[PDB]
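Each remark here refers to the structure printed beneath this line.
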Amino acid sequence: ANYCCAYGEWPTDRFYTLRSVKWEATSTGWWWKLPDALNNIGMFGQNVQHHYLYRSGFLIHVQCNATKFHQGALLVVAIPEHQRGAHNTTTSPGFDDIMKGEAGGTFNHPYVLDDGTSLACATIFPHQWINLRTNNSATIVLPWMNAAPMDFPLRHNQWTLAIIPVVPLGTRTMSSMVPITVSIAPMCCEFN
Amino acid sequence: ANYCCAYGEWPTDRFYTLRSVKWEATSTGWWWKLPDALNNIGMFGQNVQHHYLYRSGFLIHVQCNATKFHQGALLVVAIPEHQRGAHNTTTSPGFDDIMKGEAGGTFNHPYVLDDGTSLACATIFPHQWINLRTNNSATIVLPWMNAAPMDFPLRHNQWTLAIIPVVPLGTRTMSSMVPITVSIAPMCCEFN
Amino acid sequence: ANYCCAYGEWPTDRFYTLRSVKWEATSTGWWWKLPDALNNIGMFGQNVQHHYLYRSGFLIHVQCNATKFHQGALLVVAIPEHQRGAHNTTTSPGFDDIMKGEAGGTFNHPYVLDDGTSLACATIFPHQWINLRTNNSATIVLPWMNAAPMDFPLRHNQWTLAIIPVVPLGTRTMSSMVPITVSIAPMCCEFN
Amino acid sequence: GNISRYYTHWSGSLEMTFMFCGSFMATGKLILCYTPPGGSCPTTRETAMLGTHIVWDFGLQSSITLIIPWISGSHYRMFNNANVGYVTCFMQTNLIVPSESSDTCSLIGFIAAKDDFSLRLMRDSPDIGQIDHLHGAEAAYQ
Amino acid sequence: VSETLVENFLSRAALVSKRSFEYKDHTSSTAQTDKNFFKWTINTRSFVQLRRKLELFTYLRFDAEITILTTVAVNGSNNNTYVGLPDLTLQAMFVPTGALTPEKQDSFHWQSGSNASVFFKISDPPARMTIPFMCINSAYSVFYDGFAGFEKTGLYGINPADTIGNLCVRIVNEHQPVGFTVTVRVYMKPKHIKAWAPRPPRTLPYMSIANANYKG
Amino acid sequence: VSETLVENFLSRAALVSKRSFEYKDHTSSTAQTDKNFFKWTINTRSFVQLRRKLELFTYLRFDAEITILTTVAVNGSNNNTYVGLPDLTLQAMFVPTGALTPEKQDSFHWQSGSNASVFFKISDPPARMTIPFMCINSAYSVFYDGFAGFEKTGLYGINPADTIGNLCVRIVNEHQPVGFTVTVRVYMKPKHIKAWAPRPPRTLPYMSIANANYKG
């Protein structure tokens, strides 16, 4: 339903549905590294384990379950090669806090995207808007996005799907709760 | 509006509107014997009194007045020759508790339909569903439904319209109230 | 190379090579239950584990590595529904000594085929002869061989491949040794 | 079930329909999982997602229909001397309802046979047993 | 698909009556109304299995085929010498509704020319006759949501129509010096069955034959 | 060349059961499960000759024709006066698999309409009926290289399919003052026989009916 096709281009229907995240009035955001997630869980994971080279392009679907009395705005942005940095330290981020798996991570400085850039200019990336008064879903298609025809899924993440609440969720009762569901479907399913 | 025409067939616009019934959170159901009701009240009743033989086919319309915050499911089923039995006794039901008139009766064991059958398999009869989130009305057309071309309305009931709440009515306040209106219109209006 | 196509008919190239067996001057024979073997070892085994119904037809290849100074005759026979019995007891054979897996079993009364029949009339089954002066290999193709279109591989064996030395292996030195290699390739690879 | 209990061998495909009967503004998601006859019913969501499944968002849709594949009951056991398959449901998200609406919603299910259903070898249904004697039984003989 | 037709589903011969009566010469006046003859009104609610199978449709139209299989057992008394079982002839009379049913073994109603009768012997293949569809309406009413009579006293669920009739069986032979026990077994098999308006099956075992009361 | 066809080779009527049961009125509770009736599961491994002839093909498909020939002998006791042998009627009921087999002579299962029954007299030509092919598979499995149940306890060589059914024969008559001995002789003749995958014959005489064990 009115998907965003990233950069102008167009390259099996498994749609691995991740566990829903809890959107509160104090949430900062969530992110998933696409090759890091979606593996070791399904047939895509077993193929990624059995092969050194894999092909992708993905298909992201994000859904929100909210009533007509809920308000808030969500920015769904896919960042290519989102190399994130640490905070108040010169050491590099480690494997444990870079590779979060299917659980994913949470932003601690969403205003700078944990990189030092600006969240305001994040719209330059392929993105969609979720305003809980006009729409409650967003679909993004992604390209290959690599400098080389081959890469190693276990060591390099191609895309980073980020969901950041620009406008905090609100209702008359301050116990608001809206679940967000993310579904990822690899495309062309090539593994060699 | 999308009426159910019973068994596949098709055979004046008076639409005798019965008194509305009160649907609570503890209601069990209501039933009306079609020839038993609808007579002694109007021109159909006077014709039935003046004639030993009458012709019918009826037209049932059921309406519910509920808001968008109400929930519940209603099963509207027309049972041909619904011979009902008693409970915990070998004696047969009497005239007084069989012929209830336009007031109608209430089910005391809707799970077995006061017959000893199963409410689950009641969908084999001509029926409609009223779910108070998609629709609030149901229309059923009926055939002659008799083994003989002639019958006596004062002694034999041809149809039994039953309304059974499968899913109890519910709202945040436990003082819920939804009125149900039933309208019956005889067809072809033949009396001889 | 001049395969035997069982009964006249004709229905992926994995060719699971079993461990070679040691043919001595005192060997009695070897047998493998085709669905019992060939599973829990490969992709066929994983499919058989993941499915309740499977389709087959197999392709058997038997090879012998002997010099020109060796002598002996081998009877390679595929027996459909070879229900074997016990010896000197009225109890039925058990699961442990019926399901031998990929290791296979050895005949203890090859003259009666562990059934009570005659080894002389075993040629009525699809069979090939291995005489170590004219040929050293045999190929047998098999049909579906079942009364029902579906069966459970974990509980019922369709074929039994038996290799029986009719003429014992001999050489001037009584330390003779000829290895026998068996390769099985499922056909049409259907699993549902 | 009642009609099949009058026969011995049945084969065909069943269809199952679920209807959500909550408020108009109720929202949520459910996962409906089907397991083939040879297998075990899943206990948790992630192992449920491994097999065939459908994610049902009852916020927009009010009814969902899933078709059970063709199955022959006689071969699968029939006093082999069950586990012919399972259908399970898990909650993908919480149930979101407005304050004015009720906080509890209900679900109902229907089953029916497709046009490929078959029955053979009619037998005696064990549903109702022969009552020693009913109330009025000698009236026919007197 | 032919096995699950309504004709094959309902057209199964089922035992519907297994009454037995004594035959000895009752010099004293005892055991009235069953001295030497057996009477049975033709219905289908007697046996629970057939009643439940039939109570799946609102209307039925069929012809009943009656097979009467009778056996004689040595009178469980007096001399035990197995002289044999004499060839007793029997009379089975079908009395349609609106006619007179015999009240004793020697009543004049057994000789009526209007009622059709069948004479058969104890040592022959069992007697067999088919009763046609005998309702004033176009079909039988398995369920009747009405009262029979125009008075309020009329019973509920009983249709004045239907009521196929009565079956009366007697021993034609005059009382032998030694009595005997006669067991009469009658089987009914519907034929040319037509069904209308299927109904949900019946749980909650029956509590009576006249009505559909339940113990819930 | 027509004499050596499979149909002529296997379609020979052979005695498959020769059981006899007592009939007298057992006032005391003795000789259970065989008081007045005879039960036999339809198989072919009972007789060695027919079993060996059948065990030449892996798969068979045939219809079984059953002929029941019964004789009555004077009760070998009590008075020897040859009063005669009364015409006792018998009931032979075929119980297909998945149905209930009667456990006593007076059980209600004898009156079931689902099970097909044959009533015949002792002084008539022997009863005869043909059982159709009644397997869920396309053919019977003479040999089965598998286990019946999904549990490891399942017996080897027993197919849950096949199992044509049970044959139950009883005396319908209520106990006469004098008992009798009834010998039931049943013959089976396969018809419309189809055979697949011929097998070598069987030496080494059989040691059991359930399995194919040998004494070598």
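Going by the structure tokens order, chains are called A, B, ..., each with residues numbered from 1, while ligands are numbered from 1 in the order shown.
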- prompt: Quick one: DSSP strand (DSSP E) residues in region 101-158 of chain F, as a PyMOL selection string?
  reply: chain F and resi 116-121+127-131+140-141
Just C-alpha atoms for this one: save the residues we selected as a short mmCIF file (atom, residue, chain, number, x, y, z; two decimals), in the first residue's frame.
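Output contents, as saved in again.cif:
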data_model
loop_
_atom_site.label_atom_id
_atom_site.label_comp_id
_atom_site.auth_asym_id
_atom_site.auth_seq_id
_atom_site.Cartn_x
_atom_site.Cartn_y
_atom_site.Cartn_z
CA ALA F 116 -25.31 -56.77 7.72
CA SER F 117 -26.86 -60.03 8.90
CA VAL F 118 -28.11 -63.23 7.29
CA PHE F 119 -30.92 -65.32 8.79
CA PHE F 120 -31.12 -68.95 7.66
CA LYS F 121 -32.58 -72.23 8.87
CA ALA F 127 -26.15 -69.65 3.49
CA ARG F 128 -23.87 -67.78 1.12
CA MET F 129 -22.69 -64.17 0.91
CA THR F 130 -19.75 -62.42 -0.76
CA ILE F 131 -17.62 -59.85 1.08
CA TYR F 140 -4.00 -56.56 0.54
CA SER F 141 -0.47 -56.94 1.90
#
- request: Give me the residues within 12 Å of residue 159 (chain E) as a ChimeraX atom specification, counting only C-alpha atoms and dropping any in the same chain fewer than 2 places off.
  value: /B:81,83,147,151,155-156 /E:135-137,139-150,154-157,161-164,210-211
- request: To one decimal in Å, tell me the separation between CA of residue 171 (chain F) and CA of residue 68 (chain F).
  value: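 Computed distance, CA of residue 171 (chain F) to CA of residue 68 (chain F), equals 13.6 Å.
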Shell around residue 138 (chain C) at 8 Å using only C-alpha atoms, local window under 2 positions removed, as a list in words: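 Selected residues are residues 3, 4, 61, 62, 63, 76, 128, 129, 130, 136 and 140 of chain C.
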Please dump the current selection as a tab-separated table (two decimals), in the first residue's frame; keep N, CA, C and O atoms.
chain	number	residue	atom	x	y	z
C	3	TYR	N	22.13	-51.89	-16.89
C	3	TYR	CA	21.40	-51.96	-15.63
C	3	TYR	C	20.19	-52.88	-15.76
C	3	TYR	O	19.67	-53.13	-16.85
C	4	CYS	N	19.75	-53.40	-14.62
C	4	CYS	CA	18.51	-54.16	-14.52
C	4	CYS	C	17.41	-53.22	-14.04
C	4	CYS	O	17.54	-52.59	-12.99
C	61	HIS	N	23.66	-49.28	-7.09
C	61	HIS	CA	24.88	-49.63	-7.80
C	61	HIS	C	25.80	-50.36	-6.85
C	61	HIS	O	26.10	-49.85	-5.76
C	62	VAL	N	26.25	-51.55	-7.24
C	62	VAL	CA	27.11	-52.39	-6.43
C	62	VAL	C	28.40	-52.63	-7.20
C	62	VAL	O	28.36	-53.00	-8.38
C	63	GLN	N	29.54	-52.43	-6.54
C	63	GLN	CA	30.84	-52.58	-7.16
C	63	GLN	C	31.72	-53.49	-6.32
C	63	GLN	O	31.66	-53.47	-5.08
C	76	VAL	N	23.02	-60.36	-6.25
C	76	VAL	CA	22.47	-59.09	-5.78
C	76	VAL	C	20.99	-59.11	-6.10
C	76	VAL	O	20.60	-59.08	-7.27
C	128	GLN	N	20.62	-59.33	-10.06
C	128	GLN	CA	21.76	-59.33	-10.96
C	128	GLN	C	22.80	-60.29	-10.42
C	128	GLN	O	22.84	-60.59	-9.23
C	129	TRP	N	23.66	-60.77	-11.31
C	129	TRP	CA	24.73	-61.70	-10.96
C	129	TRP	C	26.08	-61.01	-11.10
C	129	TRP	O	26.33	-60.30	-12.08
C	130	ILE	N	26.94	-61.22	-10.11
C	130	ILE	CA	28.30	-60.70	-10.13
C	130	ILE	C	29.23	-61.91	-10.07
C	130	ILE	O	29.44	-62.49	-9.00
C	136	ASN	N	32.16	-57.09	-12.64
C	136	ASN	CA	32.39	-56.77	-11.24
C	136	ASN	C	31.43	-55.71	-10.72
C	136	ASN	O	31.67	-55.15	-9.64
C	140	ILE	N	20.73	-51.79	-10.41
C	140	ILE	CA	19.32	-52.15	-10.34
C	140	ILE	C	18.50	-50.89	-10.12
C	140	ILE	O	18.80	-50.09	-9.23
Shell of 8 Å around residue 94 (chain E), only C-alpha atoms, local chain residues under 5 positions omitted, as a ChimeraX atom specification: /E:115-117,165-168
message: To test your reading of the structure, identify every residue in region 95-186 of chain C that backbone DSSP assigns to helix (DSSP H, G or I), and report it as a list in words.
response: residues 95, 96, 97, 98, 101, 102, 103, 120, 121, 122, 123 and 124 of chain C
Those residues with N, CA and C atoms, as a PDB file, in the first residue's frame please?
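File again.pdb, as written:
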ATOM      1  N   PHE C  95      12.233 -54.251  16.988  1.00  0.00           N
ATOM      2  CA  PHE C  95      12.621 -53.032  16.289  1.00  0.00           C
ATOM      3  C   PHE C  95      14.135 -52.911  16.191  1.00  0.00           C
ATOM      4  N   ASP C  96      14.849 -53.279  17.257  1.00  0.00           N
ATOM      5  CA  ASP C  96      16.299 -53.114  17.274  1.00  0.00           C
ATOM      6  C   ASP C  96      16.988 -53.972  16.217  1.00  0.00           C
ATOM      7  N   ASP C  97      16.549 -55.217  16.040  1.00  0.00           N
ATOM      8  CA  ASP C  97      17.167 -56.095  15.056  1.00  0.00           C
ATOM      9  C   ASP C  97      16.443 -56.096  13.716  1.00  0.00           C
ATOM     10  N   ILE C  98      15.390 -55.300  13.559  1.00  0.00           N
ATOM     11  CA  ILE C  98      14.824 -55.069  12.233  1.00  0.00           C
ATOM     12  C   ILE C  98      15.382 -53.798  11.610  1.00  0.00           C
ATOM     13  N   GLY C 101      19.592 -49.500  10.315  1.00  0.00           N
ATOM     14  CA  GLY C 101      20.151 -48.254   9.835  1.00  0.00           C
ATOM     15  C   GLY C 101      21.075 -48.447   8.645  1.00  0.00           C
ATOM     16  N   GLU C 102      21.959 -47.465   8.458  1.00  0.00           N
ATOM     17  CA  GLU C 102      22.886 -47.494   7.333  1.00  0.00           C
ATOM     18  C   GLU C 102      23.957 -48.563   7.490  1.00  0.00           C
ATOM     19  N   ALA C 103      24.176 -49.059   8.709  1.00  0.00           N
ATOM     20  CA  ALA C 103      25.149 -50.128   8.903  1.00  0.00           C
ATOM     21  C   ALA C 103      24.708 -51.409   8.210  1.00  0.00           C
ATOM     22  N   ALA C 120      17.384 -70.636  -3.654  1.00  0.00           N
ATOM     23  CA  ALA C 120      17.477 -71.058  -5.046  1.00  0.00           C
ATOM     24  C   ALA C 120      16.467 -70.325  -5.919  1.00  0.00           C
ATOM     25  N   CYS C 121      15.261 -70.103  -5.405  1.00  0.00           N
ATOM     26  CA  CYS C 121      14.207 -69.436  -6.154  1.00  0.00           C
ATOM     27  C   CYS C 121      14.207 -67.927  -5.961  1.00  0.00           C
ATOM     28  N   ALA C 122      15.253 -67.369  -5.349  1.00  0.00           N
ATOM     29  CA  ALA C 122      15.325 -65.930  -5.137  1.00  0.00           C
ATOM     30  C   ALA C 122      15.478 -65.148  -6.434  1.00  0.00           C
ATOM     31  N   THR C 123      15.763 -65.819  -7.550  1.00  0.00           N
ATOM     32  CA  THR C 123      15.912 -65.133  -8.827  1.00  0.00           C
ATOM     33  C   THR C 123      14.592 -64.609  -9.375  1.00  0.00           C
ATOM     34  N   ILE C 124      13.460 -64.980  -8.772  1.00  0.00           N
ATOM     35  CA  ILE C 124      12.178 -64.447  -9.218  1.00  0.00           C
ATOM     36  C   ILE C 124      12.085 -62.954  -8.930  1.00  0.00           C
TER      37      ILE C 124
END
